[PDB]
>>> print(open('entry.txt').read())   # compact mmCIF, C-alpha atoms (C1' of nucleotides)
# COMPACT_ATOMS: atom_id res chain seq x y z
CA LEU Y 1 0.00 0.00 0.00
CA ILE Y 2 2.83 2.41 0.84
CA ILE Y 3 4.55 1.72 -2.49
CA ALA Y 4 1.27 2.40 -4.30
CA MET Y 5 0.98 5.64 -2.31
CA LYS Y 6 4.50 6.66 -3.35
CA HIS Y 7 3.66 5.98 -7.00
CA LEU Y 8 0.54 8.14 -6.65
CA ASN Y 9 2.59 10.96 -5.13
CA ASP Y 10 5.11 10.71 -7.98
CA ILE Y 11 2.56 10.66 -10.81
CA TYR Y 12 0.36 13.40 -9.31
CA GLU Y 13 2.84 15.93 -7.93
CA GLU Y 14 1.84 16.96 -4.38
CA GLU Y 15 -1.87 16.20 -4.53
CA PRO Y 16 -4.14 14.38 -2.06
CA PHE Y 17 -5.82 11.03 -2.70
CA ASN Y 18 -8.42 8.61 -1.36
CA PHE Y 19 -8.89 4.88 -0.84
CA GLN Y 20 -10.44 4.11 -4.23
CA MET Y 21 -7.48 5.17 -6.38
CA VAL Y 22 -5.04 3.20 -4.22
CA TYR Y 23 -7.29 0.14 -4.39
CA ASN Y 24 -7.66 0.45 -8.17
CA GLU Y 25 -3.93 0.65 -8.81
CA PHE Y 26 -3.19 -2.16 -6.36
CA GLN Y 27 -5.70 -4.21 -8.36
CA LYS Y 28 -3.88 -3.17 -11.54
CA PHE Y 29 -0.57 -4.36 -10.07
CA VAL Y 30 -1.97 -7.72 -8.97
CA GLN Y 31 -3.76 -8.23 -12.30
CA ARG Y 32 -0.75 -7.48 -14.52
CA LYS Y 33 1.08 -10.32 -12.79
CA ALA Y 34 -0.20 -13.67 -14.03
CA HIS Y 35 -1.16 -15.66 -10.92
CA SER Y 36 0.55 -14.17 -7.86
CA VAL Y 37 -0.94 -15.05 -4.46
CA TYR Y 38 -2.46 -11.70 -3.54
CA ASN Y 39 -6.18 -12.41 -3.99
CA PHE Y 40 -7.63 -10.16 -1.28
CA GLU Y 41 -11.08 -8.60 -1.05
CA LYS Y 42 -12.10 -5.03 -0.25
CA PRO Y 43 -12.72 -5.30 3.55
CA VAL Y 44 -9.24 -6.57 4.46
CA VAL Y 45 -7.54 -3.82 2.45
CA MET Y 46 -9.89 -1.33 4.10
CA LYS Y 47 -8.86 -2.60 7.54
CA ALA Y 48 -5.19 -2.33 6.57
CA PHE Y 49 -5.76 1.27 5.47
CA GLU Y 50 -7.51 1.99 8.77
CA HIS Y 51 -4.53 0.56 10.66
CA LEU Y 52 -2.12 2.68 8.61
CA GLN Y 53 -4.16 5.79 9.41
CA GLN Y 54 -4.20 4.74 13.08
CA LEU Y 55 -0.40 4.64 13.18
CA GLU Y 56 -0.49 8.31 12.07
CA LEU Y 57 1.59 7.94 8.93
CA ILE Y 58 -1.35 9.46 7.01
CA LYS Y 59 -3.29 12.52 8.07
CA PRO Y 60 -6.64 13.92 6.86
CA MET Y 61 -7.12 17.40 5.43
CA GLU Y 62 -9.85 19.72 6.74
CA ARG Y 63 -11.24 17.08 9.07
CA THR Y 64 -14.95 16.28 8.93
CA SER Y 65 -17.12 13.24 9.57
CA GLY Y 66 -20.57 12.10 8.52
CA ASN Y 67 -20.59 14.27 5.42
CA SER Y 68 -17.63 12.30 4.04
CA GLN Y 69 -16.99 8.62 4.73
CA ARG Y 70 -13.60 7.05 5.32
CA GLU Y 71 -13.71 6.42 1.59
CA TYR Y 72 -13.48 9.43 -0.73
CA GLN Y 73 -11.44 11.27 1.93
CA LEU Y 74 -8.42 13.37 1.00
CA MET Y 75 -5.33 11.67 2.47
CA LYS Y 76 -1.66 12.65 2.36
CA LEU Y 77 1.56 10.78 3.08
CA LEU Y 78 4.04 11.87 5.76
CA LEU Y 79 7.15 10.13 4.43
CA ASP Y 80 9.99 10.78 1.99
CA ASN Y 81 11.06 8.60 -0.93
CA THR Y 82 14.60 8.08 0.37
CA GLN Y 83 13.20 7.01 3.74
CA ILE Y 84 11.01 4.41 2.04
CA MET Y 85 13.94 3.12 -0.02
CA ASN Y 86 16.24 2.88 3.00
CA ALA Y 87 13.59 1.12 5.08
CA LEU Y 88 12.80 -1.30 2.25
CA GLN Y 89 16.49 -2.15 1.89
CA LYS Y 90 16.53 -3.43 5.48
CA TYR Y 91 13.24 -5.32 5.19
CA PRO Y 92 13.88 -8.95 6.27
CA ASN Y 93 11.88 -10.96 3.74
CA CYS Y 94 10.81 -8.53 1.02
CA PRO Y 95 9.65 -10.53 -2.03
CA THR Y 96 11.24 -9.89 -5.40
CA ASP Y 97 8.00 -8.82 -7.11
CA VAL Y 98 7.20 -6.02 -4.66
CA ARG Y 99 10.81 -4.81 -4.75
CA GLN Y 100 10.80 -4.57 -8.54
CA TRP Y 101 7.41 -2.86 -8.48
CA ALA Y 102 8.84 -0.32 -6.05
CA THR Y 103 11.83 0.26 -8.33
CA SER Y 104 9.57 0.69 -11.38
CA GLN X 1 -45.72 48.73 3.89
CA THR X 2 -47.50 51.12 6.26
CA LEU X 3 -50.33 51.41 3.72
CA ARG X 4 -51.33 47.90 4.87
CA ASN X 5 -53.12 49.45 7.85
CA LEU X 6 -55.47 51.28 5.46
CA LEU X 7 -55.92 48.29 3.12
CA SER X 8 -58.54 46.57 5.32
CA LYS X 9 -61.37 48.54 3.64
CA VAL X 10 -61.75 46.02 0.79
CA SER X 11 -65.02 44.09 0.97
CA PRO X 12 -65.11 40.29 0.55
CA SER X 13 -66.75 38.47 -2.34
CA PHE X 14 -69.25 35.59 -2.50
CA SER X 15 -69.69 35.47 1.28
CA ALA X 16 -72.88 33.37 1.12
CA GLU X 17 -71.04 30.27 -0.07
CA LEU X 18 -68.51 30.84 2.71
CA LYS X 19 -71.38 30.99 5.21
CA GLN X 20 -72.76 27.65 4.03
CA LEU X 21 -69.22 26.24 4.07
CA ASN X 22 -68.74 27.24 7.71
CA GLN X 23 -72.17 25.84 8.59
CA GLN X 24 -71.16 22.52 7.01
CA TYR X 25 -67.86 22.53 8.90
CA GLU X 26 -69.56 23.25 12.24
CA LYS X 27 -71.18 19.80 12.46
CA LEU X 28 -67.95 17.78 12.87
CA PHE X 29 -67.25 18.99 16.42
CA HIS X 30 -68.91 16.05 18.19
CA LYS X 31 -67.05 13.49 16.07
CA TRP X 32 -63.77 15.33 16.62
CA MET X 33 -64.34 15.33 20.38
CA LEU X 34 -65.15 11.61 20.32
CA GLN X 35 -61.99 10.83 18.34
CA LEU X 36 -59.86 12.94 20.69
CA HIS X 37 -61.34 11.39 23.82
CA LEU X 38 -60.45 7.85 22.64
CA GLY X 39 -56.77 8.68 22.15
CA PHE X 40 -56.34 10.22 18.69
CA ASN X 41 -54.75 13.51 17.65
CA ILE X 42 -56.20 15.44 14.72
CA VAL X 43 -54.56 17.70 12.13
CA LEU X 44 -56.55 20.23 10.11
CA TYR X 45 -55.31 20.99 6.60
CA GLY X 46 -56.82 23.03 3.79
CA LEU X 47 -56.77 26.39 2.06
CA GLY X 48 -57.86 29.48 3.96
CA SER X 49 -57.40 30.74 7.50
CA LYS X 50 -58.81 28.11 9.87
CA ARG X 51 -58.21 30.11 13.06
CA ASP X 52 -61.85 31.23 13.18
CA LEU X 53 -63.10 27.64 13.06
CA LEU X 54 -60.77 26.61 15.89
CA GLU X 55 -61.87 29.59 17.99
CA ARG X 56 -65.51 28.68 17.35
CA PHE X 57 -64.82 25.07 18.37
CA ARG X 58 -63.12 26.24 21.57
CA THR X 59 -65.84 28.71 22.55
CA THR X 60 -68.56 26.15 21.77
CA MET X 61 -67.21 22.92 23.27
CA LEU X 62 -64.11 23.66 25.39
CA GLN X 63 -65.56 26.08 27.95
CA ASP X 64 -65.92 23.37 30.63
CA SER X 65 -62.42 21.83 30.70
CA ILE X 66 -58.77 22.78 31.04
CA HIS X 67 -57.31 23.79 27.68
CA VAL X 68 -54.15 25.56 26.49
CA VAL X 69 -53.89 27.53 23.24
CA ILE X 70 -50.53 28.18 21.59
CA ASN X 71 -50.61 30.35 18.45
CA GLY X 72 -47.19 29.34 17.14
CA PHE X 73 -47.32 31.86 14.29
CA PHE X 74 -45.91 34.42 16.74
CA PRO X 75 -42.16 34.41 15.95
CA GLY X 76 -41.23 34.64 19.65
CA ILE X 77 -42.62 31.27 20.76
CA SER X 78 -40.35 28.41 21.83
CA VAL X 79 -41.08 24.97 23.24
CA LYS X 80 -39.38 25.87 26.52
CA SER X 81 -41.92 28.69 26.91
CA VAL X 82 -44.77 26.19 26.46
CA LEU X 83 -43.20 23.88 29.05
CA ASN X 84 -42.78 26.74 31.52
CA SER X 85 -46.40 27.82 31.02
CA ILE X 86 -47.64 24.26 31.59
CA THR X 87 -45.53 23.89 34.73
CA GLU X 88 -46.51 27.28 36.16
CA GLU X 89 -50.27 26.97 35.63
CA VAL X 90 -51.39 23.37 34.97
CA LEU X 91 -49.34 22.05 37.90
CA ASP X 92 -48.89 25.45 39.61
CA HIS X 93 -45.17 24.84 40.09
CA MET X 94 -42.68 27.71 40.33
CA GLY X 95 -39.37 25.87 40.78
CA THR X 96 -36.91 26.33 37.93
CA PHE X 97 -35.58 23.42 35.87
CA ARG X 98 -31.96 22.59 35.11
CA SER X 99 -32.70 21.33 31.59
CA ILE X 100 -35.55 20.81 29.14
CA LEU X 101 -35.26 17.03 29.37
CA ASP X 102 -35.49 17.16 33.17
CA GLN X 103 -38.64 19.27 32.88
CA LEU X 104 -40.12 16.72 30.48
CA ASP X 105 -39.24 13.90 32.88
CA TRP X 106 -40.91 15.72 35.76
CA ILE X 107 -44.04 16.42 33.71
CA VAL X 108 -44.29 12.82 32.50
CA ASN X 109 -43.83 11.43 36.01
CA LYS X 110 -46.38 13.85 37.46
CA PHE X 111 -49.00 13.03 34.83
CA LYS X 112 -48.39 9.29 35.18
CA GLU X 113 -48.75 9.52 38.96
CA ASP X 114 -51.90 11.68 38.75
CA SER X 115 -54.45 10.04 36.44
CA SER X 116 -57.11 12.68 37.21
CA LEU X 117 -55.48 15.37 35.04
CA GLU X 118 -56.78 15.98 31.51
CA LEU X 119 -55.35 18.63 29.19
CA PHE X 120 -56.36 19.90 25.75
CA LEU X 121 -53.95 21.49 23.27
CA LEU X 122 -54.94 23.99 20.55
CA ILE X 123 -51.91 24.80 18.38
CA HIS X 124 -52.19 27.34 15.57
CA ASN X 125 -49.78 27.02 12.63
CA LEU X 126 -47.68 24.10 13.83
CA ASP X 127 -45.40 24.67 10.81
CA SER X 128 -43.86 27.81 12.34
CA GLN X 129 -40.17 28.58 11.83
CA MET X 130 -39.56 28.29 15.57
CA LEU X 131 -41.35 24.92 15.91
CA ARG X 132 -39.61 23.17 12.99
CA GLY X 133 -36.75 21.91 15.15
CA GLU X 134 -36.46 18.13 15.33
CA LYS X 135 -36.17 18.23 19.12
CA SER X 136 -39.25 20.47 19.26
CA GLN X 137 -41.40 17.93 17.43
CA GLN X 138 -39.86 15.09 19.44
CA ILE X 139 -40.84 16.89 22.66
CA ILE X 140 -44.37 17.55 21.42
CA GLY X 141 -44.80 13.94 20.30
CA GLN X 142 -43.53 12.63 23.63
CA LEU X 143 -46.08 14.91 25.31
CA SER X 144 -48.88 13.67 23.05
CA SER X 145 -48.00 10.00 23.63
CA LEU X 146 -49.78 10.21 26.99
CA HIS X 147 -53.41 9.08 27.10
CA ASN X 148 -54.38 12.10 29.24
CA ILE X 149 -53.57 14.72 26.57
CA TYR X 150 -55.57 15.62 23.46
CA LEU X 151 -54.00 17.34 20.45
CA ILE X 152 -55.55 19.45 17.70
CA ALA X 153 -53.02 20.87 15.23
CA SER X 154 -53.11 22.89 12.02
CA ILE X 155 -50.99 22.75 8.87
CA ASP X 156 -50.51 25.68 6.50
CA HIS X 157 -47.12 24.86 4.91
CA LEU X 158 -46.67 22.65 1.87
CA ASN X 159 -43.73 20.51 3.06
CA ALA X 160 -45.30 19.58 6.41
CA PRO X 161 -45.24 15.75 5.92
CA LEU X 162 -41.42 15.80 5.93
CA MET X 163 -41.58 16.78 9.62
CA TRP X 164 -42.87 13.40 10.82
CA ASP X 165 -40.85 10.18 10.85
CA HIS X 166 -42.12 6.62 11.25
CA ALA X 167 -41.48 6.61 14.99
CA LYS X 168 -42.93 10.12 15.23
CA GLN X 169 -45.93 8.96 13.21
CA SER X 170 -46.48 6.10 15.66
CA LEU X 171 -46.14 8.45 18.64
CA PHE X 172 -48.49 11.12 17.29
CA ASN X 173 -51.23 8.74 16.05
CA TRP X 174 -52.59 11.19 13.49
CA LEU X 175 -55.98 11.47 11.85
CA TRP X 176 -56.59 14.00 9.09
CA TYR X 177 -59.49 16.26 8.10
CA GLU X 178 -59.84 18.49 5.04
CA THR X 179 -61.39 21.85 5.95
CA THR X 180 -60.91 24.64 3.40
CA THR X 181 -62.34 27.94 4.64
CA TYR X 182 -60.89 30.42 2.08
CA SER X 183 -60.41 32.94 4.90
CA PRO X 184 -57.71 35.60 4.45
CA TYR X 185 -54.58 35.23 6.56
CA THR X 186 -54.82 38.66 8.17
CA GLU X 187 -53.66 38.01 11.74
CA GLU X 188 -51.15 35.33 10.76
CA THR X 189 -49.46 37.76 8.35
CA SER X 190 -49.82 40.69 10.78
CA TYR X 191 -47.11 39.73 13.27
CA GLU X 192 -44.77 38.66 10.46
CA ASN X 193 -42.25 41.34 9.46
CA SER X 194 -41.58 41.15 5.72
CA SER X 195 -39.46 56.90 6.03
CA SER X 196 -36.57 56.16 8.38
CA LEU X 197 -34.05 58.08 6.26
CA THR X 198 -36.16 61.25 6.18
CA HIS X 199 -36.77 61.16 9.93
CA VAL X 200 -33.07 60.60 10.65
CA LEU X 201 -31.92 63.38 8.32
CA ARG X 202 -34.59 65.88 9.44
CA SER X 203 -32.89 66.69 12.76
CA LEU X 204 -29.30 66.29 11.55
CA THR X 205 -27.12 69.28 10.80
CA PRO X 206 -27.53 70.78 7.30
CA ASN X 207 -23.85 70.14 6.50
CA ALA X 208 -24.36 66.41 7.07
CA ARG X 209 -27.49 66.58 4.90
CA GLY X 210 -25.51 68.16 2.06
CA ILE X 211 -22.67 65.65 2.41
CA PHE X 212 -25.13 62.75 2.35
CA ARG X 213 -26.84 64.30 -0.68
CA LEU X 214 -23.51 64.48 -2.51
CA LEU X 215 -22.76 60.86 -1.58
CA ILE X 216 -26.19 59.78 -2.88
CA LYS X 217 -25.62 61.75 -6.09
CA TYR X 218 -22.28 60.07 -6.76
CA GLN X 219 -23.68 56.63 -5.92
CA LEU X 220 -26.57 57.18 -8.35
CA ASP X 221 -24.15 58.43 -11.02
CA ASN X 222 -22.46 55.02 -11.27
CA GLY X 223 -18.09 53.21 -4.28
CA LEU X 224 -16.17 56.37 -3.42
CA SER X 225 -12.58 56.23 -2.29
CA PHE X 226 -11.86 58.19 0.88
CA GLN X 227 -9.44 60.60 -0.82
CA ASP X 228 -11.77 61.57 -3.68
CA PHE X 229 -14.69 61.94 -1.25
CA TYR X 230 -12.58 64.20 0.98
CA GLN X 231 -11.52 66.33 -2.00
CA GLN X 232 -15.12 66.71 -3.19
CA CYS X 233 -16.25 67.62 0.34
CA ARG X 234 -13.48 70.22 0.39
CA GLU X 235 -14.80 71.61 -2.89
CA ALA X 236 -18.25 72.11 -1.35
CA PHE X 237 -16.75 73.66 1.82
CA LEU X 238 -18.82 71.31 3.99
CA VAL X 239 -15.67 69.94 5.70
CA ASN X 240 -12.77 71.83 7.27
CA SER X 241 -10.65 68.90 8.49
CA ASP X 242 -10.46 65.18 7.80
CA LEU X 243 -11.11 64.48 11.49
CA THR X 244 -14.50 66.20 11.20
CA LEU X 245 -15.32 64.22 8.05
CA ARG X 246 -14.45 60.96 9.80
CA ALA X 247 -16.58 62.04 12.76
CA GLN X 248 -19.55 62.56 10.44
CA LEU X 249 -18.85 59.20 8.80
CA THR X 250 -18.86 57.51 12.22
CA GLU X 251 -22.10 59.33 13.06
CA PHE X 252 -23.66 57.91 9.89
CA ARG X 253 -22.26 54.47 10.73
CA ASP X 254 -23.79 54.54 14.22
CA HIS X 255 -27.21 54.70 12.52
CA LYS X 256 -26.25 51.93 10.04
CA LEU X 257 -26.48 54.36 7.11
CA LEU X 258 -17.91 53.13 0.52
CA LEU X 259 -21.42 52.01 -0.46
CA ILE X 260 -24.83 53.02 0.89
CA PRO X 261 -27.03 49.96 1.65
CA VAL X 262 -30.16 51.73 0.38
CA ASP X 263 -32.08 51.03 -2.82
CA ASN X 264 -31.53 53.42 -5.73
CA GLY X 265 -35.23 54.07 -6.32
CA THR X 266 -35.80 54.99 -2.68
CA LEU X 267 -32.89 57.44 -2.86
CA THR X 268 -34.26 58.99 -6.06
CA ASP X 269 -37.70 59.42 -4.50
CA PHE X 270 -36.20 60.81 -1.28
CA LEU X 271 -34.01 63.37 -3.08
CA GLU X 272 -36.98 65.22 -4.60
CA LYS X 273 -39.15 64.87 -1.48
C1' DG T 1 -29.84 31.08 54.23
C1' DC T 2 -26.99 33.49 51.44
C1' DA T 3 -23.18 34.64 48.54
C1' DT T 4 -19.77 33.19 45.46
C1' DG T 5 -17.24 30.95 42.09
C1' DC T 6 -17.31 27.50 38.68
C1' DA T 7 -19.18 24.55 34.73
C1' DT T 8 -22.19 24.74 30.87
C1' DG T 9 -25.00 26.36 26.99
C1' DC T 10 -25.78 29.52 23.44
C1' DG T 11 -25.00 33.50 20.18
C1' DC T 12 -21.87 35.88 17.15
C1' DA T 13 -18.17 37.00 14.12
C1' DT T 14 -14.76 35.27 11.12
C1' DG T 15 -11.95 32.79 8.04
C1' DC T 16 -11.77 29.27 4.96
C1' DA T 17 -13.45 25.80 1.59
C1' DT T 18 -16.50 24.89 -2.26
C1' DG T 19 -19.39 25.62 -6.25
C1' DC T 20 -20.20 27.99 -10.26
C1' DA T 21 -19.20 30.68 -15.18
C1' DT T 22 -17.14 32.94 -18.78
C1' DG T 23 -13.78 34.60 -21.90
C1' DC T 24 -9.75 33.42 -24.46
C1' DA T 25 -6.62 30.85 -27.49
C1' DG T 26 -5.30 26.85 -29.82
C1' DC T 27 -6.38 23.34 -33.02
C1' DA T 28 -8.50 20.52 -36.38
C1' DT T 29 -11.41 20.23 -40.29
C1' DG T 30 -13.92 21.23 -44.18
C1' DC T 31 -14.44 24.24 -47.84
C1' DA T 32 -13.02 27.71 -51.65
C1' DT T 33 -9.63 28.78 -54.72
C1' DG T 34 -5.51 28.43 -57.59
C1' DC T 35 -2.68 25.43 -60.54
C1' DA T 36 -1.51 21.77 -63.67
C1' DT T 37 -2.74 19.15 -67.42
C1' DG T 38 -4.21 17.21 -71.13
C1' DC T 39 -8.13 16.59 -75.17
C1' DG L 1 -9.67 27.17 -75.63
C1' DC L 2 -11.62 25.02 -72.00
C1' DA L 3 -13.31 21.66 -68.62
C1' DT L 4 -11.88 18.63 -65.09
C1' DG L 5 -9.29 16.88 -61.54
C1' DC L 6 -6.11 17.66 -57.95
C1' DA L 7 -3.54 20.28 -54.51
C1' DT L 8 -3.48 23.89 -50.95
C1' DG L 9 -4.55 28.01 -48.03
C1' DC L 10 -8.02 30.09 -45.24
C1' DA L 11 -12.32 30.70 -42.25
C1' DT L 12 -14.57 29.00 -38.76
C1' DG L 13 -16.53 26.14 -35.37
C1' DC L 14 -15.36 23.29 -31.48
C1' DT L 15 -13.32 22.52 -27.39
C1' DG L 16 -9.95 22.67 -23.78
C1' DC L 17 -7.93 25.71 -20.64
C1' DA L 18 -7.42 29.45 -17.29
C1' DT L 19 -10.13 32.19 -12.73
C1' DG L 20 -12.22 35.03 -10.08
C1' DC L 21 -16.35 35.78 -7.19
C1' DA L 22 -20.38 34.56 -4.27
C1' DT L 23 -21.81 31.74 -0.69
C1' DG L 24 -22.22 28.08 2.80
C1' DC L 25 -20.09 25.85 6.51
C1' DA L 26 -17.25 24.79 10.47
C1' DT L 27 -14.94 26.73 14.15
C1' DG L 28 -13.26 29.42 17.89
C1' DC L 29 -14.32 32.74 21.14
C1' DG L 30 -16.75 35.06 24.43
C1' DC L 31 -20.57 36.09 27.12
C1' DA L 32 -24.86 34.72 29.98
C1' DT L 33 -26.88 31.40 33.24
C1' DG L 34 -27.76 27.77 36.41
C1' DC L 35 -25.74 24.73 39.90
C1' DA L 36 -22.57 22.90 43.46
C1' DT L 37 -20.35 24.20 47.41
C1' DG L 38 -18.63 26.62 51.34
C1' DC L 39 -19.29 29.57 55.26
>>> encode(input="entry.txt", output="structure tokens")
Amino acid sequence: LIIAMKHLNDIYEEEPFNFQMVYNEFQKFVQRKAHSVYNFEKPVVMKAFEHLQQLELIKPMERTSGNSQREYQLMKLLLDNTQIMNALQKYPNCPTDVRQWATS
Amino acid sequence: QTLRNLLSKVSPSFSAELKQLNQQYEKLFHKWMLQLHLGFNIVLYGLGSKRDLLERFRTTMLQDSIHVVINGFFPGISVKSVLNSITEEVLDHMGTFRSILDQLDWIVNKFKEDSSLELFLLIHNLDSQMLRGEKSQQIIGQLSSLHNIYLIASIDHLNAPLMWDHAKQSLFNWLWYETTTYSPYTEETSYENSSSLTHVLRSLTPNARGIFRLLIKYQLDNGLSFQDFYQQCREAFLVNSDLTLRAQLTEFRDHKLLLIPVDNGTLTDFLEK
DNA sequence: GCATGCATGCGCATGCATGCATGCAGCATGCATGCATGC
DNA sequence: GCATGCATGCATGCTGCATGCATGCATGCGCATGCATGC
């Protein structure tokens, strides 16, 4: 999810985003690959996004509730590309596919 | 809008049919009382002012029992006022209440403990701006849920059915009656608020009158910048120092008089008058 | 019983976010016009 | 000499882009009020 977020920040220079775009491009990544074992449904990815927001790596803009759901909410990342690269280098068991997707 | 006071001289038309219409409406009072007394609340809807019919019903049938009339069309009415009135007279209690909900709890407990108390409600124009709050209708419905209270209400607004929800519908237990009286809405439009310049400028100093006239003239020609306005006031010799001009501007501001928030046509009529 | 100080509820002003429109410039396309060229 | 076909330059219509202004909404503050408590 973080790599997808970085790709979104690179393609759209300094603009917010929501859950749907991240989900769509994660689906694109898992569909381009032939048969990789990443068949996950919407609720589990939603829970993972909620956990990421809970750890306060992502912060909302102009906070409001009720009018806007958790979906369709403008999120931003609080990390730098070099930090992500350095952290990913020290990841214990990073698979090859996700590493190459991050490089791409 | 002062002319309204003199507009009451117009005679009505086709009053005979209205007389027969009122005579036909008069006969439903016994059935309405029976339906109330069994635990139903009744709404009256239809074109025309129905206040006269309600007053007739009160003065004909409700002169022997406790009854409270709230004419909600007055823009100063609030539900807390109704609750205070009920507490001060129906139960003759003077003690203040910490919150509206606590007052409701006390009233409900008192009426449940005392089964000998019967109250009638006559509400005019339930669709008032001050009674459209969701909590207001919730309070009124909770009051009407008791079997010792009878409710007659009136609707004059088009979007009234949006006020009531399924739970509110169950609580209110409504029955409907169509009664179109075609009566003009004189009193109900009277309290509603839909000359001053001349009176203000009459007793002001003539220099201020001339300055305001020049300001009106420039505004009608096309807001003035402060520098150009000061130069023009200099040219008319109505101002000797900028402090005096600012004092006059503050005097105008104190009366809520750079753009003048007054209609152009009113200014044109006032200039010649 | 009274005074007092504190917690709470409400009104008001303000700043900010959002919706909404219009005028301009670039571009593509279709048409009018000029040119070649034979019979 | 002339008609016909072909090639090209221009007018114009379409559309995408750039933008400020009016308004609604949330929020923070500050004041008024009712209550708990202490003496």
>>> closest_residue(input="entry.txt", among="T:37, T:23, T:17, T:28", to="chain Y", atoms="all atoms listed in the file")
T:17
>>> atom_distance(input="entry.txt", atom1="CA of residue 60 in chain X", atom2="CA of residue 38 in chain X")
20.0 Å
>>> closest_atom_pairs(input="entry.txt", of="range 3-103 of chain Y", to="range 18-30 of chain L", cutoff="10 Å", atoms="all atoms listed in the file", output="Markdown table")
| residue | atom | partner | partner_atom | distance |
| --- | --- | --- | --- | --- |
| Y:62 | CA | L:26 | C1' | 9.7 |
| Y:63 | CA | L:26 | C1' | 9.9 |
| Y:64 | CA | L:26 | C1' | 8.9 |
>>> closest_residue(input="entry.txt", among="T:16, T:6, T:35, T:24", to="chain Y", atoms="only C-alpha atoms (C1' of nucleotides)")
T:16
>>> atom_distance(input="entry.txt", atom1="CA of residue 239 in chain X", atom2="CA of residue 208 in chain X")
9.5 Å
>>> closest_atom_pairs(input="entry.txt", of="chain L", to="chain X", cutoff="12 Å", atoms="all atoms listed in the file", output="tab-separated table")
residue	atom	partner	partner_atom	distance
L:33	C1'	X:98	CA	10.3
L:34	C1'	X:98	CA	6.8
L:35	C1'	X:98	CA	8.1
>>> axis_aligned_box(input="entry.txt", around="range 20-35 of chain L", padding_each_side="3 Å", output="JSON")
{"center_x": -20.0, "center_y": 30.4, "center_z": 14.9, "size_x": 21.5, "size_y": 17.4, "size_z": 56.0}
>>> residues_around(input="entry.txt", residues="residue 53 in chain X", least_positions_apart="3", cutoff="9 Å", atoms="only C-alpha atoms (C1' of nucleotides)", output="VMD selection string")
chain X and resid 22 25 to 26 49 to 50 56 to 58 181
>>> residues_around(input="entry.txt", residues="residue 14 in chain L", least_positions_apart="3", cutoff="12 Å", atoms="only C-alpha atoms (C1' of nucleotides)", output="list in words")
residues 26, 27, 28 and 29 of chain T
>>> residues_around(input="entry.txt", residues="residue 104 in chain Y", least_positions_apart="6", cutoff="12 Å", atoms="all atoms listed in the file", output="mmCIF file with C-alpha atoms, in the frame of the given file")
data_model
loop_
_atom_site.group_PDB
_atom_site.id
_atom_site.type_symbol
_atom_site.label_atom_id
_atom_site.label_comp_id
_atom_site.auth_asym_id
_atom_site.auth_seq_id
_atom_site.Cartn_x
_atom_site.Cartn_y
_atom_site.Cartn_z
ATOM 1 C CA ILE Y 3 4.550 1.720 -2.490
ATOM 2 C CA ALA Y 4 1.270 2.400 -4.300
ATOM 3 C CA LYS Y 6 4.500 6.660 -3.350
ATOM 4 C CA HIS Y 7 3.660 5.980 -7.000
ATOM 5 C CA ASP Y 10 5.110 10.710 -7.980
ATOM 6 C CA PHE Y 29 -0.570 -4.360 -10.070
ATOM 7 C CA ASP Y 97 8.000 -8.820 -7.110
ATOM 8 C CA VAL Y 98 7.200 -6.020 -4.660
#
>>> atom_distance(input="entry.txt", atom1="CA of residue 70 in chain Y", atom2="CA of residue 57 in chain Y")
15.6 Å
>>> residues_around(input="entry.txt", residues="residue 32 in chain L", least_positions_apart="5", cutoff="10 Å", atoms="only C-alpha atoms (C1' of nucleotides)", output="compact mmCIF listing (two decimals) with C-alpha atoms (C1' of nucleotides), in the coordinates of the input")
# COMPACT_ATOMS: atom_id res chain seq x y z
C1' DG T 9 -25.00 26.36 26.99
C1' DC T 10 -25.78 29.52 23.44
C1' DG T 11 -25.00 33.50 20.18
>>> residues_around(input="entry.txt", residues="residue 38 in chain T", least_positions_apart="6", cutoff="12 Å", atoms="only C-alpha atoms (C1' of nucleotides)", output="ChimeraX atom specification")
/L:2-5
>>> decode(input="entry.txt", residues="range 117-121 of chain X", atoms="N, CA, C and O atoms", output="compact mmCIF listing (two decimals), in the first residue's frame")
# COMPACT_ATOMS: atom_id res chain seq x y z
N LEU X 117 -55.78 14.15 35.76
CA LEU X 117 -55.48 15.37 35.04
C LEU X 117 -55.69 15.16 33.54
O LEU X 117 -55.11 14.24 32.96
N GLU X 118 -56.51 16.01 32.94
CA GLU X 118 -56.78 15.98 31.51
C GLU X 118 -56.50 17.35 30.92
O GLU X 118 -56.93 18.36 31.47
N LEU X 119 -55.76 17.38 29.81
CA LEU X 119 -55.35 18.63 29.19
C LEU X 119 -55.66 18.59 27.70
O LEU X 119 -55.52 17.55 27.05
N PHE X 120 -56.07 19.73 27.16
CA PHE X 120 -56.36 19.90 25.75
C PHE X 120 -55.39 20.91 25.15
O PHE X 120 -55.08 21.92 25.79
N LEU X 121 -54.91 20.63 23.95
CA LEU X 121 -53.95 21.49 23.27
C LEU X 121 -54.57 22.02 21.98
O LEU X 121 -55.13 21.25 21.19
